[PDB]
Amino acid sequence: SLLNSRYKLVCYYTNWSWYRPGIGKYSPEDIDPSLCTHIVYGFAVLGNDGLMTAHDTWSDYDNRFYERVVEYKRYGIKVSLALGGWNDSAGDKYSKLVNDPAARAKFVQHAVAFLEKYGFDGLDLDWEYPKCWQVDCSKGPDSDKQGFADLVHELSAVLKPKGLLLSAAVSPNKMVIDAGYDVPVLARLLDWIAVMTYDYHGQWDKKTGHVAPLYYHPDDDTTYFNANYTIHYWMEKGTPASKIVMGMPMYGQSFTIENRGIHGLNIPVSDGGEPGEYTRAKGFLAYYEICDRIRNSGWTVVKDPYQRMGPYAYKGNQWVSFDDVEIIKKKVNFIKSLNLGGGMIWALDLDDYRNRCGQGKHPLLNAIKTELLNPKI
């Protein structure tokens, strides 16, 4: 059992996975509580009044999704609510909040009342990102760093005496870490730091690349776009290993490659990949969409014999990089070897929870749990 282990397994739940057809539909009752130590609910958002509020009132309130996920506390799981996410981070509202001490003071008392009203065990901060709004460091003021650090302190001061948790999902990008994070403050105050060691590469690069490399690859344009660099950088900046939980993607980044008759890494790309039937997002495919293309649509799979990264798969002008069970076990061994706090997944609803691909239900997440519980490194 994971609840008896020395590691966390932090599972993100997404309320919008409900709005998918057929086998892609995901509900709170689909959560498998044997596979997580912590569940984080994505997402609440920052309202126009500077107060945390439900993003989807139809699901979160009218259909009681908050209560139906907090349900899983009865199994010994810690259930947190996440604030923010990529879409909520587009503008300046988080910046406006953290640069105004009076706005922070009002937000903090309301936020803890919000958590206690619905029974949440904690708050997860997912601002992407302080200073570098949606990764553009030219947008925000440097004071976002001190503002966010002070917000974390002020939340911790109210949450911790109540026994409530405080965590944050953070950038894997050296640039963002340098510009937006006061790492020693975050490392001291947060119960864990969920490092989003994925989306290193995607359609925005205009060439193919892996969503979540583990180690440096010779063809990389940087030394630092891999999980091994990222995790060591967080520690070098002052983060104890026990506070770090390493993110792992249950999905792939997809590409429409240019017509040049090649299919490897770093080949020119004209657009994101065609949307999947269930996830409906150009450039994105759930694992259960990827594994069906391999099994039943003849996509060719290319694996790294050195295991610096997971596989990629392609057919025609479509190309996708993702993590398979093999590289997942490698990443979890990495986690154990550095004595990190554990692992994190994005997201529950993107793994093959229905056993559509015949490897068993939740093949990626079960691979993580099995390897976390295996004493051998």
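Numbering starts at 1 and follows the sequence shown.
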{"property": "Which of 193 to 201 and 296 to 304 has higher mean CA B factor, as the PDB entry lists it", "result": "296 to 304"}
{"property": "46 to 54 set against 344 to 352, stretch whose average Cα temperature factor tops the other in the entry", "result": "46 to 54"}
{"property": "Given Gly85, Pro184, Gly252, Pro268, the residue at which the Cα B factor reaches its maximum", "result": "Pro268"}
{"property": "Candidate residues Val70, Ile31, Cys36, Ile328, the one whose C-alpha B factor the record puts highest", "result": "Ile328"}
{"property": "For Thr14, the third of its chain into which the C-alpha B factor falls", "result": "lowest"}
{"property": "Assigned third (lowest, middle, highest) for the C-alpha B factor of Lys369", "result": "middle"}
{"property": "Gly22 by Cα B-factor - lowest, middle or highest third of the modelled chain", "result": "middle"}
{"property": "Ranked C-alpha temperature factor of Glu289 among modelled chain residues, by third", "result": "middle"}
{"property": "Third assignment of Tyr233 from its chain's C-alpha B-factors", "result": "middle"}
